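Peer 1: Below you will find the structure I want to go over with you.
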Amino acid sequence: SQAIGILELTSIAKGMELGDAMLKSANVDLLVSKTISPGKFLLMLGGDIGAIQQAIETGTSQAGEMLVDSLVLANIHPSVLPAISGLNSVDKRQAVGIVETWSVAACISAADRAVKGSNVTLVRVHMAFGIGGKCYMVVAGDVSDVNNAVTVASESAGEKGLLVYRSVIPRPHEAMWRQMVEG
Amino acid sequence: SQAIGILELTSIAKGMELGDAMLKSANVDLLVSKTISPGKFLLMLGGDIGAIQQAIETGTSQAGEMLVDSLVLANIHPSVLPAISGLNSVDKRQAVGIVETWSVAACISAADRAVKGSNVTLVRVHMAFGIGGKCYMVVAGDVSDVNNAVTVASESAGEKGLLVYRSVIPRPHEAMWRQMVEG
Amino acid sequence: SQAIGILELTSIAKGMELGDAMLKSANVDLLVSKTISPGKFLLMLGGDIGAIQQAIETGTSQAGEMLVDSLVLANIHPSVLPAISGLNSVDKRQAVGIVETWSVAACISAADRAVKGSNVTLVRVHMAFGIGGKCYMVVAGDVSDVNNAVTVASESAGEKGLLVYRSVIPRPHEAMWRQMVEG
Ligand SMILES: [Cl-]
Ligand SMILES: [Cl-]
Ligand SMILES: [Cl-]
Ligand code: NA
Ligand code: NA
Ligand code: NA
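Protein chains in written order, with PDB author numbering: chain A, 2 to 184; chain A', 2 to 184; chain A'', 2 to 184. A prime marks a further copy of an entry chain.
If you want it as structure tokens, here you go:
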């Protein structure tokens, strides 16, 4: 019911300019606004699909030759948005699931399918290094629920050859727990 | 009326040693002291030109084959120094200006010219990744003042082919403001 | 009397899974658990040698083709462990010593020899960028003690061609001290 918009620029100044322009252009939330090596800039927005399409249209329209890439992912479960900008609260501890993908697009699509095909909580979506790099989702819930979520997410990414690894970790060790659910 | 000294080493231990040596050698402020990938070390100093020349002389004199590069930038407006080490306080909000350059030297020279050719506040000078990488200056003030500052800075960097992008952003959006003026 | 175990994986999810598995497998402390560019994962453990051998055995046994590298360093002075995970308290200020190496293995072995061949405090062991990159140890104590420690450490690393630089810094400047002993 929500949408994610991604805009990547070769200029950090243009990135900040376009972040400003897009936020003014439509009712959208800023999820990510950061510099990526070597010196590119990444913006990710969340909001209604109409708003996101117009925001990304505005951004692409004004990027010129500084435009690197852009994407709109429609019909994304609402919990995915705060999982990109930060952390969702864990309401169950029994198990953690982690699915690692190439690309944040594959990760987002897999996380969406996971949440929609199970009763797990999507805790966070992490990008190790920009939108083309290793990304991973972390889910939490009952072991059976986590297994379902991880399977669905893995199938999503794997169909594309973009699954790196999947892991179901019941009863995570106390010394790993914080890193898993908070980073 | 002030000067900036830059010393880059291939050794982190030598960098810390030379930071110590230079600070003892003259009355200078440490502005930056950090490791840069792959494993080099960056020192930037501020102070009177005489002190900075002797500090950088000392540093270069003792660097040996670990010396990567060194520079002294003379007659730099005093506000540029704290803009490199941290943030200057914003006394006006009406507009933000951002000028992105290749190299911190070009950024410093452009920021100096901007401050000297306008009434803007130089808020900060940011290096994304070491002294040769993308850098940018952020200024704040009245829209007309910011436009002047950005034009002057852009001309400085552009004459060298080192201007990446320039942006005048009146009335920055609330969700971009903090990143612009604080990073 | 203690041991350090190192496990490196090509998968971040596998890394977190293996961190969990190894911690459950034996009585070991997690010293490091982090992602390294481009997208690998690094685990370092401390504990009794028996526990560490079994933990690393477990980790290697389950890593499969995601295994990048693994190492067990036996008979490491106990102070080296907290120097890897964080900071040891400085009980003397007179001098700082810094020895920079290629590889954390060389750094650990050099730090161990330094501590065992002197009365210095090992303050910290730092990895700039993963286990193969620039690393350095920082020691503190009386100038004579620091000189001994640095010489011993330098000989250790230098015999292998893995010494980058060694530095004895009596009476470190106030503006460098915190970075030296805390990072
Ligand atoms: Cl559940
Ligand atoms: Cl102004
Ligand atoms: Cl001592
Ligand atoms: Na649990
Ligand atoms: Na404003
Ligand atoms: Na001292």
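Ideal placement from N, C-alpha and C gives every residue a C-beta, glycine not left out.
By Cβ distance, which residues of its chain are closer than 7 Å to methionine 128(A), with the 5 residues on each side in sequence left out?
Peer 2: Your numbering for residue 128(A) matches position 127 in the first sequence. Cβ within range, chain order: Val105, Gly134, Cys136.
Peer 1: Which class does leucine 24(A') belong to by DSSP, given the choice of helix, strand or coil?
Peer 2: Translated into the one-based positions of the second sequence, residue 24(A') becomes position 23. Three-state result, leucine 24(A'): helix.
Peer 1: May I have all residues whose beta carbon comes closer than 6 Å to any heavy atom of ligand 3, sorted in chain order?
Peer 2: Output, sorted by chain position: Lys93(A''), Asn120(A''), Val121(A''), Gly142(A''), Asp143(A''), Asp146(A'').
Peer 1: Tell me the residue span of the beta strand (DSSP E) that contains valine 97(A).
Peer 2: The sequence position of residue 97(A) within the first sequence is 96, counting from 1. Where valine 97(A) is concerned, the enclosing beta strand (DSSP E) stretches over 96 to 103.
Peer 1: Decide if the segment 142 to 150 of chain A' is in contact with the segment 161 to 181 of chain A'; the criterion is three or more beta carbon pairs, one per stretch, under 8 Å apart.
Peer 2: Flag = yes, the segment 142 to 150 of chain A' and the segment 161 to 181 of chain A' touch.
Peer 1: Run the proximity test for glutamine 180(A): is its beta-carbon closer than 7 Å to any non-hydrogen atom belonging to ligand 4?
Peer 2: Here residue 180(A) refers to the residue found at position 179 of the first sequence. The answer is no for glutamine 180(A).
Peer 1: Using a beta-carbon distance cut-off of less than 8 Å, what residues from the segment 34 to 54 of chain A approach chain A'?
Peer 2: Under the 8 Å Cβ criterion, the segment 34 to 54 of chain A contributes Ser34, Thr36, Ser38, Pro39, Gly40.
Peer 1: Less than 8 Å between the beta carbons of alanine 64(A') and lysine 15(A'), yes or no?
Peer 2: Along the second sequence, read from residue 1 onward, the residue named residue 64(A') stands at position 63. Along the second sequence, read from residue 1 onward, the residue named residue 15(A') stands at position 14. Going by C-beta atoms, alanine 64(A') is nearer than 8 Å to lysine 15(A').
Peer 1: With a threshold of 7 Å, establish whether the CB of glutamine 95(A'') neighbours any heavy atom of ligand 6.
Peer 2: Here residue 95(A'') corresponds to residue number 94 of the third sequence, with the count starting at 1. The answer is yes for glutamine 95(A'').
Peer 1: List the residues of chain A' that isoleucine 132(A) touches, going by C-beta distances under 7 Å, in chain order.
Peer 2: The residue given as residue 132(A) occupies position 131 in the first sequence. By Cβ distance, chain A' contributes nothing, its closest Cβ being about 17 Å from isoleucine 132(A), past 7 Å.
Peer 1: When you compare the segment 24 to 44 of chain A with the segment 154 to 162 of chain A, are there three or more beta-carbon pairs, one atom per stretch, that lie closer than 8 Å?
Peer 2: Taking 8 Å as the limit for Cβ pairs, the verdict is that the segment 154 to 162 of chain A does not touch the segment 24 to 44 of chain A.
Peer 1: Closer than 7 Å to a non-hydrogen atom of ligand 5 - does that hold for the CB of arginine 114(A'')?
Peer 2: Taking the first residue of the third sequence as 1, we reach residue 114(A'') at position 113. No - ligand 5 has no heavy atom lying nearer than 7 Å to the Cβ of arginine 114(A'').
Peer 1: Kindly provide the ranges of any alpha helix (DSSP H) runs that are 4 or more residues long and lie completely inside the segment 70 to 145 of chain A', ordered along the chain.
Peer 2: With a minimum length of 4 residues, the continuous alpha helix (DSSP H) runs that stay inside the segment 70 to 145 of chain A' are 81 to 86, 105 to 117.
Peer 1: For the segment 83 to 116 of chain A, list every residue whose C-beta sits within 8 Å of some C-beta in chain A'', in sequence order.
Peer 2: Correct list: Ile99, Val100, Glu101.
Peer 1: According to DSSP, simplified to helix, strand and coil, what is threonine 36(A')?
Peer 2: One-based indexing of the second sequence puts residue 36(A') at position 35. Strand, per DSSP.
Peer 1: Can we say the segment 105 to 114 of chain A touches the segment 50 to 67 of chain A, given the rule of at least three CB pairs closer than 8 Å?
Peer 2: Result no; under three Cβ-Cβ pairs closer than 8 Å.
Peer 1: How many Å lie between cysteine 108(A'') and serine 38(A) at the Cα?
Peer 2: Indexing the third sequence from 1 puts residue 108(A'') at position 107. Indexing the first sequence from 1 puts residue 38(A) at position 37. Roughly 28 Å separates the two Cα atoms.
Peer 1: For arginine 179(A), report the span of its alpha helix (DSSP H) as first-last.
Peer 2: Taking the first sequence and counting its residues from 1, the one referred to as residue 179(A) is at position 178. Per DSSP, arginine 179(A) belongs to the alpha helix (DSSP H) from 175 to 183.
Peer 1: Can you tell me which of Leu19(A''), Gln180(A''), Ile5(A''), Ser90(A'') puts its alpha carbon nearest to the alpha carbon of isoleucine 99(A)?
Peer 2: Locating residue 99(A) in the first sequence gives position 98, counting from the first residue. Of the candidates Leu19(A''), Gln180(A''), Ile5(A''), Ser90(A''), the one whose C-alpha sits nearest the C-alpha of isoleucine 99(A) is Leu19(A'').
Peer 1: Cβ atoms of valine 81(A'') and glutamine 54(A''): under 8 Å apart, would you say?
Peer 2: For this step, residue 54(A'') is matched to residue 53 along the third sequence. For this step, residue 81(A'') is matched to residue 80 along the third sequence. Not in contact: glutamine 54(A'') and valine 81(A'') (Cβ atoms no closer than 8 Å).
Peer 1: Would you kindly check if the distance between the Cβ of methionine 177(A'') and the Cβ of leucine 10(A') is under 8 Å?
Peer 2: Here the question's residue 10(A') lines up with position 9 in the second sequence. Here the question's residue 177(A'') lines up with position 176 in the third sequence. Not a contact, by the Cβ cut-off of 8 Å.
Peer 1: Of all the CB atoms in chain A', is at least one closer than 8 Å to the CB of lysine 25(A)?
Peer 2: Taking the first sequence and counting its residues from 1, the one referred to as residue 25(A) is at position 24. Output row for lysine 25(A): interface = yes.
Peer 1: Using alpha carbons as the reference points, say which of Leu43(A'), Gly6(A'), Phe42(A') lies closest to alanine 27(A').
Peer 2: Sequence index remark: in the second sequence, residue 27(A') carries index 26 (1-based). The shortest C-alpha separation from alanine 27(A') is found at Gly6(A').
Peer 1: Buried or exposed for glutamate 101(A''), please, with buried defined as at least 16 other CB atoms from any protein chain shown within 10 angstroms of its CB.
Peer 2: As a working note, residue 101(A'') is residue 100 in the third sequence. Buried, because 16 or more other Cβ atoms sit within 10 Å of the Cβ of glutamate 101(A'').
Peer 1: Based on the DSSP output, what are the partners of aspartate 30(A') in its beta bridges?
Peer 2: Residue numbering aside, residue 30(A') sits at position 29 when the second sequence is read from its first letter. In the DSSP output, where bridge partners are listed per residue, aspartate 30(A') has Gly47(A').
Peer 1: Which residues does DSSP pair with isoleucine 170(A') in a beta bridge?
Peer 2: Along the second sequence, one-based indexing puts residue 170(A') at 169. Beta-bridge pairing links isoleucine 170(A') to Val97(A').
Peer 1: Which residue marks the beginning of the beta strand (DSSP E) containing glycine 6(A'), and which one marks its end?
Peer 2: As a first step, residue 6(A') is located in the second sequence; it is residue number 5 there, counting from the start. Run containing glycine 6(A'): 3 to 10, per the beta strand (DSSP E) assignment.
Peer 1: State the Cα-Cα distance for the pair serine 2(A) and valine 29(A), rounded to the nearest angstrom.
Peer 2: Indexing the first sequence from 1 puts residue 2(A) at position 1. Indexing the first sequence from 1 puts residue 29(A) at position 28. If you take the alpha carbons of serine 2(A) and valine 29(A), they lie about 14 Å apart.
Peer 1: Secondary structure at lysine 161(A), three-state DSSP: helix, strand or coil?
Peer 2: Start at 1 with the first residue of the first sequence, and residue 161(A) comes out as number 160. In the structure shown, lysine 161(A) sits in coil (DSSP, three-state: anything other than H, G, I, E or B).
Peer 1: Please check if any C-beta of chain A' sits within less than 8 Å of the C-beta of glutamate 175(A).
Peer 2: On the first sequence, residue 175(A) is found 174 positions in, with the first residue counted as 1. With 8 Å as the cut-off, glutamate 175(A) does not count as an interface residue toward chain A'.
Peer 1: With DSSP as the reference, please indicate the residues paired to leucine 19(A') in a beta bridge.
Peer 2: On the second sequence, position 18 is the one that residue 19(A') refers to. DSSP, once it has assigned bridges, lists no residue as partnering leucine 19(A').
Peer 1: Which residue wins for smallest C-alpha separation from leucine 44(A), given the options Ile132(A), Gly184(A), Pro79(A), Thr122(A)?
Peer 2: Taking the first residue of the first sequence as position 1, residue 44(A) is located at position 43. Taking only the C-alpha atoms, the option nearest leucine 44(A) is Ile132(A).
Peer 1: Using 8 Å as the threshold, is the C-beta distance between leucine 163(A') and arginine 125(A') below it?
Peer 2: If you number the second sequence from 1, residue 163(A') lands on position 162. If you number the second sequence from 1, residue 125(A') lands on position 124. For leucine 163(A') and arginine 125(A'), no; Cβs fall outside 8 Å.
Peer 1: Once you ignore the five residues that flank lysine 161(A'') on each side, which residues in its own chain have a CB closer than 7 Å to its CB?
Peer 2: If you number the third sequence from 1, residue 161(A'') lands on position 160. So the list reads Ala107, once near-sequence residues are dropped.
Peer 1: Looking only at its own chain, which residues have a Cβ that is under 7 Å from the Cβ of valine 91(A), when we skip the five neighbours before and after it?
Peer 2: Translated into the one-based positions of the first sequence, residue 91(A) becomes position 90. Only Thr122, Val124, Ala141, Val182 meet the Cβ criterion.
Peer 1: In whole angstroms, what is the alpha-carbon distance linking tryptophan 103(A) and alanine 22(A'')?
Peer 2: Sequence index remark: in the first sequence, residue 103(A) carries index 102 (1-based). Sequence index remark: in the third sequence, residue 22(A'') carries index 21 (1-based). Looking at the two C-alpha atoms, the distance is approximately 24 Å.
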